[PDB]
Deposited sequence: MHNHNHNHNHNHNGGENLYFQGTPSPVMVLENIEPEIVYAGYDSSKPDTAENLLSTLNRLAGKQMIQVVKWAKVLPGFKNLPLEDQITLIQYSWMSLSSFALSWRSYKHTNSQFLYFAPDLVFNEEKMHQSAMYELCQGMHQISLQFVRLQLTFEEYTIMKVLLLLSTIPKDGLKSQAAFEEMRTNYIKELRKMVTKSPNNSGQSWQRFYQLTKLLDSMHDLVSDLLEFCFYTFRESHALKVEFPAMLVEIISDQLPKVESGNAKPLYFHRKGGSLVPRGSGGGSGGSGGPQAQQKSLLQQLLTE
């Protein structure tokens, strides 16, 4: 099918600034609009990364779009946990160098509980001493973790790619290694529940954005308008390593 982990380490997207205006009041609307703007900028980086991801090009365009749209909150939250771990030892939420959340910002954002939920994942990175090589493979697995309930256009092509990256994770964890592999698959599975709550809040603010004064960039409007009716109608199928 394929040293893909070496390629993953090298294609990691660069630093994305939030463009946070600290001279503006820290209302929920101002913080959430900055977070949405940062998400749009990161989503362009996700598309550029995916294009050069080994095996991703073999999937038809429709499937590439489906995977990117279904997984955007997963990839985004996992990278946030990584940045938080690497740059603050998971003491804060490192959204961007110019936007680091402390307790004050967690409360002001009107997402305190969702923020604490995120902080728990970054705290697991500390507990496990997650490595950069493990992180990069796991991020690919999150891109491939949610599919249509009736499957993709080229389901066989997708399963081959996913299976091959799971094999890369197993080779990477290796004096006993099975223990580590299951610790990593348990972490990946726990992302689906967190992502459900994050999407619930995102969908809510999207449905009445002006009413709440929350701004969405064009990129997020497009993704969310497509994703929201699919997720809410049960057309999304989260893939679990270990059925709950």
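Peer 1: Please give the gaps, as residue ranges numbered from 1 in the deposited sequence, where no C-alpha is present.
Peer 2: In the chain as deposited, 1-18, 21-24, 197-202, 273-305 carry no coordinates.
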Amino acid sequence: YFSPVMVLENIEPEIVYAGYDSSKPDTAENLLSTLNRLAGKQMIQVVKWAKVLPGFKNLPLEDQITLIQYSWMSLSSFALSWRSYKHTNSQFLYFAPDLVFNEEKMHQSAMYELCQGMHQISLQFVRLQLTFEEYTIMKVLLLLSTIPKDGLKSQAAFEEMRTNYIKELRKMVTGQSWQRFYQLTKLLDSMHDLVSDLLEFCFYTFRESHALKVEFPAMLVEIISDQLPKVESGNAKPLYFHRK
From here on, numbers count along this sequence of modelled residues.
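Peer 1: Does the comparison with other PDB entries of this protein show residue 175 lacking coordinates in a third or more of them, where both adjacent residues are built?
Peer 2: Residue 175: unmodelled in a third or more of the comparison entries.
Peer 1: Which has the higher mean CA temperature factor in the PDB entry, 7-15 or 219-227?
Peer 2: Looking at the recorded C-alpha B-factors, 7-15 comes out higher on average.
Peer 1: Comparing average C-alpha B factors as deposited, tell me which of 25-33 and 204-212 sits higher.
Peer 2: Result: 204-212.
Peer 1: In this PDB entry, which of 41, 186, 57, 192 has the top CA B-factor?
Peer 2: Spelled out: the listed residue with the top C-alpha B-factor is 57.
Peer 1: Would you mind checking which of 74, 90, 131, 174 has the top Cα temperature factor in the PDB entry?
Peer 2: Across 74, 90, 131, 174, the entry lists the biggest C-alpha B-factor for 174.
Peer 1: Where does the C-alpha B-factor of residue 166 rank in its chain, lowest, middle or highest third?
Peer 2: Residue 166: CA B-factor falls in the middle third of its chain.
Peer 1: Quick check on the deposited entry: does the C-alpha B-factor of residue 107 sit in the lowest, middle or highest third of its chain?
Peer 2: Middle third of the chain for residue 107's C-alpha B-factor.
Peer 1: Thinking about Cα B factors across the chain, which third does residue 137 belong to?
Peer 2: Within its chain, residue 137 is a lowest-third residue by C-alpha B-factor, going by the deposited values.
Peer 1: Just say lowest, middle or highest third for the CA B-factor of residue 113 relative to the other modelled residues in its chain.
Peer 2: For residue 113, whose C-alpha B-factor we compare with every modelled residue in the chain, the answer is the highest third.
Peer 1: Can you tell me which third, lowest, middle or highest, the CA B-factor of residue 70 falls into for its chain?
Peer 2: Lowest third.
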